[PDB]
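Shown next as structure tokens: one chain only, the form deposited in one PDB entry.
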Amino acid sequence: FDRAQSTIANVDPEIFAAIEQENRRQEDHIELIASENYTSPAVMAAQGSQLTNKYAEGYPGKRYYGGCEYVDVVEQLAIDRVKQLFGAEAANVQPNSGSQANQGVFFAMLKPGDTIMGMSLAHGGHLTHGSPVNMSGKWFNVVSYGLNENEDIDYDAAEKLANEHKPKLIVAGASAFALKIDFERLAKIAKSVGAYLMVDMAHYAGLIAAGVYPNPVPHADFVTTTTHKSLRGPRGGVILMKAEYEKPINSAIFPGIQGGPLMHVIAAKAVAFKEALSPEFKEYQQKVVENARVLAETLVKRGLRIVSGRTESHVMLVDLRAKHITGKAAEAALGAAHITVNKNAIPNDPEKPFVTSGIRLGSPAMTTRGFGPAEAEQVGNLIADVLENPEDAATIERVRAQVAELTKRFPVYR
């Protein structure tokens, strides 16, 4: 237990080597997975702290164990800051993940077998929004809604579904949707059938905090989110709720579905929220939206199609059919050229779910490492180059060579 002797290299050479290779992989690859980001050294330092040694069951000033004076300060700062970030009436910063945040809401307000509404997985919804192989879909009755012919959210069909099936709770938000979501319209739909509105803003949370994407907080009963992704924090979850749901939400997280919170991660959440309150963060998110638009614009110029026809956020879904390539094949080829994306089903995808006709692209990560409009356009063209000739070794080589020039010029961690 000497900090000079107990280093990863000294204790575990294998793990040391793996972490080192992952550090270099993060430098040497252009990351375009929309859910990924690079969190600050300050954030990482916090969850590498001795706060992992503390059991702090309960809430600030209301713990089961003693000695929680300082972790109470930590958690309350996290609570106050995330409340300030989104203008929420109350908050819970203990969810271990985005999944647990969502489950926390379900446990608080629902009973197994209740009917819920959520965006279909096939049209950009998340697993925890009602997938039959997820708890949300196996232990509850799920009625899903999707997009219309214009590839915008079909609010009319959702309203008809709400009146027909009378859900106890409506889930909104997405893992792969490029446009602004009309939270006010959804709140009216939910109120019209006496349902709760839960918005999962995990992907947009950073953009919302900077005010470059609509805030669901004034409209929703509950707002759940991850602290990683566009919020650029540590890996974990947060529940935002109206004051009237403070008691059941806090009780649901503990002792409902969790035990001792990860106080070291909560500290990291607090550091991330502090960063998110700065003017620099708003400037970062403005560049996130700009880079995403430029990336989508460039792909359209090269003959690709964007689902919904445009992006109004950090993310886009690219229809690949014009280049006669599957999402799976595109993901692999792009990967060989050191560009990380992920395959993703498009609306009415003619391919199998594990094959798909599209790729999901996001700008938060590349924006964090300093990419601007010019680089975003270059990346778009590099992507198209691979898509038009995915198995040509010479093409992959040329692109990988240019990617190397970008990553050397824009290092992630200095």
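From 1 onward, residues are counted along the sequence shown. Between two forms, the rigid core is defined as the largest C-alpha subset superposing within 1.5 Å.
A second form of this protein, the form deposited in another entry, is not displayed here; the remarks below concern that form.
Checking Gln76, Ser97, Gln84, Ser251 for C-alpha shifts of 2 Å or more between the shown form and the other one, after the rigid core is superposed, gives a single hit: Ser251. After superposing the rigid core, the Cα of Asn141 is displaced by 2 Å or more between the shown form and the other one. Once the rigid core is used as the reference frame, the Cα position of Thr115 differs between the shown form and the other one by 2 Å or more. Put the two forms on the same core and the Cα of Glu184 is off by 2 Å or more between the shown form and the other one. Shown here is a form in which the CA atoms of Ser6 and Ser40 lie at least 3 Å farther apart than they do in the other entry. The Cα-Cα distance between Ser6 and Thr39 is shortened by 3 Å or more in the other entry relative to the form shown here.
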